[PDB]
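Presented as structure tokens, the chain that follows is alone, the form deposited in one PDB entry.
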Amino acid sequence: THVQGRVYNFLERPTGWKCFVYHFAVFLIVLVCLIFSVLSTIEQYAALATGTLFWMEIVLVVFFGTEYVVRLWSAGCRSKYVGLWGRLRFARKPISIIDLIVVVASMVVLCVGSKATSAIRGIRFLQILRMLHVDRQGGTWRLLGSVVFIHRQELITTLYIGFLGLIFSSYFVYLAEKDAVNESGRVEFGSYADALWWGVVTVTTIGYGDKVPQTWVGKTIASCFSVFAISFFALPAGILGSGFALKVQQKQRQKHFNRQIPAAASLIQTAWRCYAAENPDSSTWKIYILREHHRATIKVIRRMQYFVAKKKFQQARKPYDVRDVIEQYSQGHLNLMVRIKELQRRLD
């Protein structure tokens, strides 16, 4: 069973230099097969790569399917995934779904399209799709989704305002330019759709130049729009970058919180004590040393011990702040005042 968890760690909880080289090599072979998918589209090389991509596909479907079943077995180390229904729960998760889809569809297209246009039309998309295989535990996407959810209001604000600016400014540019004719004789802005295309390409700072305004009204509006709207499609970079950085750094500094260990222990202990209270025959009663009403009060005190331990633990995992300093200072200060008053009275 030691071996089982060992290979699980190799595949699914990677670390070191061996695991890294493995996952690296996997990435490289899939990338190479993608480049052959690229070069299959070019007429010169559409024959070479088209044949190569039929044998490498067989190699890969064997490899990835093997890896899949090995992993599905090795997941018995986790207690979530022990048992048959456990392995089913393992197959249920998204990355495993994607892996399975890729493997099966590869096998099907090979066994069927052996004797083939839609075949390779699908092969190319599978080659593209296999890149999801790399990130195993999705820390990438989880980080992104987290930072988006935190900063959702800001981003909606930007999207709304930029959208509106685009719509209005493009309508006015349309009105100003709808009849203008280009040097080559054609009309760039025949419709409001074309003006929206212009606006998108502009406000986001791409500037293909396929559509440019000629009039003075158009140039005026475009200048002002270009100066004052472009920012709202560039904020998300700052927002998301700062979010990424902060999240990673705090998730790292959380490692050095050593106070959480006794808090965890205390939480466990008082919880089980609350539970074992419900058996009067328990041995947690001997701690107190008949008992008409002592039962109730003990249970109450334990319940609120549990609640305070719970909050203490929940705050034992978070970084300190000035507010906590202030609270503890006031608390200890007043304790000290009452103590010195106590001694002041004990003398008298």
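For the two forms, the rigid core is made up of the largest set of C-alpha atoms that agree within 1.5 Å on superposition. The numbering used is simple: start at 1 and walk along the sequence shown.
Another form, the form deposited in another entry, is not on view; read the next lines as being about it.
The one residue among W73, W141, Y171, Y160 whose Cα position changes by 2 Å or more between the shown form and the other one, with the core held fixed by superposition, is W141. Superposition on the rigid core between the shown form and the other one places the CA atom of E43 2 Å or more away from its counterpart.
Relative to the superposed rigid core, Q252 undergoes a CA displacement of at least 2 Å between the shown form and the other one. After superposition on the rigid core, the Cα of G243 moves by 2 Å or more between the shown form and the other one.
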